[PDB]
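**Student:** In their complex positions, the first chains:
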Amino acid sequence: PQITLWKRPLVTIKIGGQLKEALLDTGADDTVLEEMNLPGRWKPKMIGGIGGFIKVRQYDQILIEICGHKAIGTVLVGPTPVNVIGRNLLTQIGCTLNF
């Protein structure tokens, strides 16, 4: 679909079997979700944002459905202000910017 930007581009995602709401974020290299329980191994990682760095749990090769489009990739879980879908998954569902 074509998504305009007058409102936040929030979409429904399915991850770990649970539905969540997330922001399509072209300024994010990586996908970062708020604290949740996810099945699978994870490793400690750090990521930097506008205000500095935070600690996250890095889950690899996670299945995630974004508006019905399937992606399988890295998901970071930690104290982000909002769930963000980053370019690592936006590229998998074929997302481009157009103007």
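**Tutor:** It's in. Residues are numbered from 1 along each chain as shown, chains lettered A, B, ... in the order given.
**Student:** Output the helix or strand hosting residue A:47 as CSV, restricted to C-alpha atoms.
**Tutor:** Applying DSSP states H and E as the criterion places residue A:47 in strand A:43-49. Taking Å, rounded to 0.1, in the frame of the first residue of the first chain, the C-alpha atoms of strand A:43-49 are listed here in CSV:
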residue,chain,number,x,y,z
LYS,A,43,22.6,-12.0,23.2
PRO,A,44,23.2,-8.7,25.0
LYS,A,45,23.7,-5.8,22.6
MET,A,46,23.9,-2.0,22.7
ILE,A,47,22.3,0.5,20.3
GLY,A,48,22.6,4.3,20.1
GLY,A,49,19.7,6.7,19.4
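**Student:** who does the helix or strand that comes right after that strand touch, helix- and strand-wise?
**Tutor:** Per DSSP H and E, the first helix or strand lying C-terminal to strand A:43-49 is strand A:52-66. Applying 3 or more CB pairs under 8 Å, 6 or more residues apart in numbering; DSSP states H and E, we find strand A:52-66 packed against strand A:10-15, strand A:43-49, strand A:69-77. In this view, the C-beta of every residue, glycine as well, is placed from N, C-alpha and C.
**Student:** then chain B, please:
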Amino acid sequence: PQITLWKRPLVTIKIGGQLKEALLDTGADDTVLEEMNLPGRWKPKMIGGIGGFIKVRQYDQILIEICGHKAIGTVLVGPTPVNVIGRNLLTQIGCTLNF
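**Tutor:** Just below you will find chain B, in place on the chains above:
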């Protein structure tokens, strides 16, 4: 144009008579640029993301040219680690997400 997301969506902007590089960032409500002496009055503001908040100066009705497309709106100036073009200006140049 059409911008894929394999790499950071960086573009050249013209603001305050100067050329800069900035991200087209659908996850940013507002436009945030590196420290630069814009003339005119401004208001203090705090904006938050991953890692916490930074202090910025809010300038209103600022002209920016983005890859040949002109836009006018609020620009926040401060010690941001990267320049982001946010939705307040992306809507003006007719930018959409497409997948």
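**Student:** Work out the gap between the strand holding residue A:47 and the centre of the chain.
**Tutor:** Strand A:43-49 sits 14 Å away from the centroid of its parent chain (CA atoms, centre = their mean, to the nearest Å).
**Student:** can you check stretch A:83-95 too?
**Tutor:** 7 Å.
**Student:** Not counting it itself, show me its contacts.
**Tutor:** A:11, A:13, A:20-26, A:28-34, A:64, A:66-67, A:69-74, B:4-6, B:8, B:27, B:97-99 (CB atoms under 8 Å, 6 or more residues apart in numbering or on different chains).
**Student:** ends of that stretch, how far apart?
**Tutor:** From its first residue to its last, stretch A:83-95 covers 18 Å (CA to CA, to the nearest Å).
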